[PDB]
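**Q** Sending over a structure as structure tokens; questions will come in a sec.
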Amino acid sequence: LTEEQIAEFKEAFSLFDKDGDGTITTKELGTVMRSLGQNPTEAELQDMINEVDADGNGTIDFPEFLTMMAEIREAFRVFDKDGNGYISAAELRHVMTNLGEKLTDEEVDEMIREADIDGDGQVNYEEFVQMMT
Amino acid sequence: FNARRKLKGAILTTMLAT
Ligand SMILES: [Ca+2]
Ligand SMILES: [Ca+2]
Ligand SMILES: [Ca+2]
Ligand SMILES: [Ca+2]
């Protein structure tokens, strides 16, 4: 697992860890999954935790998350709100804030720049995939 | 601020949430 990967997984971990206590509870999984338009059942949430909870304590810590970590089009659809096939800074800034993240336009712009391959100022589907593959 | 890290982490999160 590369250094950047552990750091990306750390970032993801932080997005679920609402209280910032080093643990992801079922409540946190549900809350986040509902903010993105999902509707998990208590049983499905219990099973997610169960399927990767090594020490059987009922919550996932960063190390367990790591093991777990160690579909694109659907994720693309969450970012591309207006459905035009392109993610713009404003759409990106929306998702980020939705994830509780508070960031500067400059930062949202740098993020767009990181994924933008052809340099049109937005992220299309192929560029979104490449960034994930 | 690491642009690629913050973006991929949020994409991973939505990818898992989905
Ligand atoms: Ca927590
Ligand atoms: Ca545990
Ligand atoms: Ca769009
Ligand atoms: Ca582009």
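Going through the structure tokens in order, the chains are called A, B, and so on, while each chain numbers its residues from 1 and the ligands are numbered from 1 in the order shown.
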Please, which residues of chain A lie no more than 10 Å from chain B when the count uses only C-alpha atoms, and can they be set out as a ChimeraX atom specification?
**A** /A:4-16,29-30,32-40,69,71-76,78-79,92,95-96,99,101,107-115,128,131-132
**Q** Write the residues you've just listed into a file as a short mmCIF file (atom, residue, chain, number, x, y, z; two decimals), in the first residue's frame, and include C-alpha atoms for each of them.
**A**
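File produced: out_31.cif:
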```cif
data_model
loop_
_atom_site.label_atom_id
_atom_site.label_comp_id
_atom_site.auth_asym_id
_atom_site.auth_seq_id
_atom_site.Cartn_x
_atom_site.Cartn_y
_atom_site.Cartn_z
CA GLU A 4 -0.32 8.30 -1.04
CA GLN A 5 -2.88 5.49 -0.81
CA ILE A 6 -2.73 5.30 2.97
CA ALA A 7 -3.09 9.08 2.95
CA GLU A 8 -6.14 8.95 0.61
CA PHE A 9 -7.70 6.25 2.83
CA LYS A 10 -6.95 8.44 5.81
CA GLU A 11 -8.86 11.26 4.13
CA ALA A 12 -11.84 8.95 3.43
CA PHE A 13 -11.72 7.70 7.02
CA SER A 14 -11.95 11.26 8.27
CA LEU A 15 -15.05 11.89 6.21
CA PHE A 16 -16.99 9.06 7.90
CA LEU A 29 -21.99 5.16 8.32
CA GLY A 30 -25.76 5.72 8.08
CA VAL A 32 -23.06 9.86 5.73
CA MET A 33 -24.76 7.36 3.46
CA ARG A 34 -28.06 9.25 3.90
CA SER A 35 -26.40 12.62 3.07
CA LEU A 36 -25.44 11.14 -0.29
CA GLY A 37 -28.91 9.83 -1.07
CA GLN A 38 -28.62 6.27 0.22
CA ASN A 39 -30.92 4.47 2.71
CA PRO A 40 -29.11 1.60 4.48
CA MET A 69 -9.57 -0.85 1.58
CA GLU A 71 -19.40 1.96 -9.09
CA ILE A 72 -17.40 4.83 -10.63
CA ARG A 73 -20.32 5.99 -12.77
CA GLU A 74 -22.53 6.01 -9.65
CA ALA A 75 -20.04 8.10 -7.76
CA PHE A 76 -19.71 10.34 -10.84
CA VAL A 78 -23.22 12.23 -7.14
CA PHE A 79 -20.74 14.95 -8.22
CA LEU A 92 -17.42 20.02 -6.66
CA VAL A 95 -20.28 17.87 -2.61
CA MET A 96 -17.34 18.89 -0.46
CA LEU A 99 -19.30 16.13 3.26
CA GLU A 101 -15.72 19.99 4.37
CA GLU A 107 -8.58 24.79 -3.23
CA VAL A 108 -11.67 23.67 -5.18
CA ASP A 109 -9.89 25.06 -8.24
CA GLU A 110 -6.66 23.16 -7.52
CA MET A 111 -8.70 19.97 -7.12
CA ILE A 112 -10.34 20.51 -10.51
CA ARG A 113 -6.84 21.16 -11.95
CA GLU A 114 -5.56 17.87 -10.54
CA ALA A 115 -8.21 15.82 -12.40
CA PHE A 128 -12.93 10.95 -13.32
CA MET A 131 -8.14 9.58 -11.54
CA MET A 132 -9.52 6.45 -9.90
#
```
**Q** Collect all residues with atoms no farther than 12 Å from ligand 3, counting only C-alpha atoms and all ligand atoms, and output them as a list in words.
**A**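 The neighbouring residues of ligand 3 are, in order, residues 76, 77, 78, 79, 80, 81, 82, 83, 84, 85, 86, 87, 88, 89, 90, 91, 92, 93, 94, 95, 121, 122, 123, 124 and 125 of chain A.
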**Q** Take the residues from that selection and write them out as an mmCIF file, in the first residue's frame, keeping C-alpha atoms.
**A**
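What follows is the written file result-v6.cif:
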```cif
data_model
loop_
_atom_site.group_PDB
_atom_site.id
_atom_site.type_symbol
_atom_site.label_atom_id
_atom_site.label_comp_id
_atom_site.auth_asym_id
_atom_site.auth_seq_id
_atom_site.Cartn_x
_atom_site.Cartn_y
_atom_site.Cartn_z
ATOM 1 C CA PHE A 76 -19.711 10.345 -10.839
ATOM 2 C CA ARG A 77 -23.472 10.939 -10.728
ATOM 3 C CA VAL A 78 -23.215 12.231 -7.137
ATOM 4 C CA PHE A 79 -20.744 14.946 -8.221
ATOM 5 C CA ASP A 80 -22.319 15.808 -11.596
ATOM 6 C CA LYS A 81 -25.516 17.237 -10.019
ATOM 7 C CA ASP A 82 -26.953 18.788 -13.147
ATOM 8 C CA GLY A 83 -26.201 15.651 -15.172
ATOM 9 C CA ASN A 84 -24.430 17.390 -18.079
ATOM 10 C CA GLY A 85 -21.551 14.919 -18.017
ATOM 11 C CA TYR A 86 -19.042 17.422 -16.558
ATOM 12 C CA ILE A 87 -18.118 18.293 -12.989
ATOM 13 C CA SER A 88 -17.499 22.024 -12.498
ATOM 14 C CA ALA A 89 -15.926 23.807 -9.508
ATOM 15 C CA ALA A 90 -19.364 24.795 -8.198
ATOM 16 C CA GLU A 91 -20.658 21.216 -8.287
ATOM 17 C CA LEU A 92 -17.419 20.021 -6.659
ATOM 18 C CA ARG A 93 -17.617 22.693 -3.959
ATOM 19 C CA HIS A 94 -21.210 21.530 -3.253
ATOM 20 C CA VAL A 95 -20.283 17.874 -2.605
ATOM 21 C CA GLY A 121 -11.617 23.514 -16.644
ATOM 22 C CA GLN A 122 -13.952 20.702 -15.752
ATOM 23 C CA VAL A 123 -13.849 16.954 -15.134
ATOM 24 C CA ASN A 124 -15.659 14.646 -17.547
ATOM 25 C CA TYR A 125 -16.325 10.981 -16.967
#
```
**Q** Report the distance between CA of residue 28 (chain A) and CA of residue 102 (chain A) in Å, rounded to one decimal place.
**A**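 About the pair CA of residue 28 (chain A) and CA of residue 102 (chain A): they are 18.8 Å apart.
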**Q** Please report, as a Markdown table, each residue of chain A lying at most 7 Å from ligand 2, together with the nearest pair of atoms and the separation in Å rounded to one decimal; use only C-alpha atoms and all ligand atoms, and order rows by chain and ascending residue number.
**A**
```
| residue | atom | partner | partner_atom_place_in_ligand_line | distance |
| --- | --- | --- | --- | --- |
| A:53 | CA | ligand 2 | 1 (Ca) | 4.7 |
| A:54 | CA | ligand 2 | 1 (Ca) | 5.9 |
| A:55 | CA | ligand 2 | 1 (Ca) | 5.1 |
| A:56 | CA | ligand 2 | 1 (Ca) | 5.5 |
| A:57 | CA | ligand 2 | 1 (Ca) | 4.6 |
| A:58 | CA | ligand 2 | 1 (Ca) | 5.6 |
| A:59 | CA | ligand 2 | 1 (Ca) | 4.5 |
| A:60 | CA | ligand 2 | 1 (Ca) | 4.4 |
| A:61 | CA | ligand 2 | 1 (Ca) | 5.6 |
| A:64 | CA | ligand 2 | 1 (Ca) | 6.7 |
```
**Q** Please give me, as a list in words, the residues lying within 7 Å of ligand 1 when counting only C-alpha atoms and all ligand atoms.
**A**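 Those within range of ligand 1 are residues 17, 18, 19, 20, 21, 22, 23, 24, 25 and 28 of chain A.
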**Q** Take the residues just selected and output them with N, CA, C and O atoms as a PDB file, in the first residue's frame.
**A**
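Generated file (selection.pdb):
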```pdb
ATOM      1  N   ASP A  17     -15.731   9.557   9.937  1.00  0.00           N
ATOM      2  CA  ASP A  17     -15.544   9.792  11.352  1.00  0.00           C
ATOM      3  C   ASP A  17     -16.036  11.144  11.825  1.00  0.00           C
ATOM      4  O   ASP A  17     -15.281  11.895  12.436  1.00  0.00           O
ATOM      5  N   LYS A  18     -17.337  11.378  11.665  1.00  0.00           N
ATOM      6  CA  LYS A  18     -17.984  12.626  12.062  1.00  0.00           C
ATOM      7  C   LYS A  18     -17.525  13.268  13.382  1.00  0.00           C
ATOM      8  O   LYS A  18     -17.262  14.458  13.428  1.00  0.00           O
ATOM      9  N   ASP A  19     -17.487  12.505  14.471  1.00  0.00           N
ATOM     10  CA  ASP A  19     -17.059  13.059  15.767  1.00  0.00           C
ATOM     11  C   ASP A  19     -15.538  13.193  15.936  1.00  0.00           C
ATOM     12  O   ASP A  19     -15.061  13.902  16.826  1.00  0.00           O
ATOM     13  N   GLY A  20     -14.791  12.546  15.051  1.00  0.00           N
ATOM     14  CA  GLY A  20     -13.353  12.608  15.134  1.00  0.00           C
ATOM     15  C   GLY A  20     -12.867  11.935  16.397  1.00  0.00           C
ATOM     16  O   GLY A  20     -12.155  12.532  17.200  1.00  0.00           O
ATOM     17  N   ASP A  21     -13.302  10.698  16.609  1.00  0.00           N
ATOM     18  CA  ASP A  21     -12.868   9.969  17.794  1.00  0.00           C
ATOM     19  C   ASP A  21     -11.995   8.769  17.414  1.00  0.00           C
ATOM     20  O   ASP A  21     -11.623   7.956  18.261  1.00  0.00           O
ATOM     21  N   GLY A  22     -11.648   8.691  16.133  1.00  0.00           N
ATOM     22  CA  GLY A  22     -10.836   7.593  15.649  1.00  0.00           C
ATOM     23  C   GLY A  22     -11.635   6.360  15.299  1.00  0.00           C
ATOM     24  O   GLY A  22     -11.061   5.358  14.878  1.00  0.00           O
ATOM     25  N   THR A  23     -12.959   6.427  15.479  1.00  0.00           N
ATOM     26  CA  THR A  23     -13.864   5.315  15.168  1.00  0.00           C
ATOM     27  C   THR A  23     -15.094   5.694  14.346  1.00  0.00           C
ATOM     28  O   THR A  23     -15.726   6.781  14.528  1.00  0.00           O
ATOM     29  N   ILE A  24     -15.468   4.750  13.496  1.00  0.00           N
ATOM     30  CA  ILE A  24     -16.628   4.848  12.626  1.00  0.00           C
ATOM     31  C   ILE A  24     -17.688   3.902  13.188  1.00  0.00           C
ATOM     32  O   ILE A  24     -17.500   2.688  13.213  1.00  0.00           O
ATOM     33  N   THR A  25     -18.784   4.468  13.672  1.00  0.00           N
ATOM     34  CA  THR A  25     -19.879   3.684  14.220  1.00  0.00           C
ATOM     35  C   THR A  25     -20.906   3.494  13.128  1.00  0.00           C
ATOM     36  O   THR A  25     -20.803   4.102  12.059  1.00  0.00           O
ATOM     37  N   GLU A  28     -22.564   6.708  12.190  1.00  0.00           N
ATOM     38  CA  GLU A  28     -21.778   7.528  11.274  1.00  0.00           C
ATOM     39  C   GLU A  28     -21.860   7.018   9.839  1.00  0.00           C
ATOM     40  O   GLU A  28     -21.984   7.808   8.900  1.00  0.00           O
TER      41      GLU A  28
END
```
**Q** Measure the distance from CA of residue 68 (chain A) to CA of residue 47 (chain A) in Å and round it to one decimal.
**A**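 CA of residue 68 (chain A) sits 13.3 Å away from CA of residue 47 (chain A).
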**Q** CA of residue 129 (chain A) and CA of residue 45 (chain A) are how many Å apart?
**A**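 Calculated distance between CA of residue 129 (chain A) and CA of residue 45 (chain A) is 27.3 Å.
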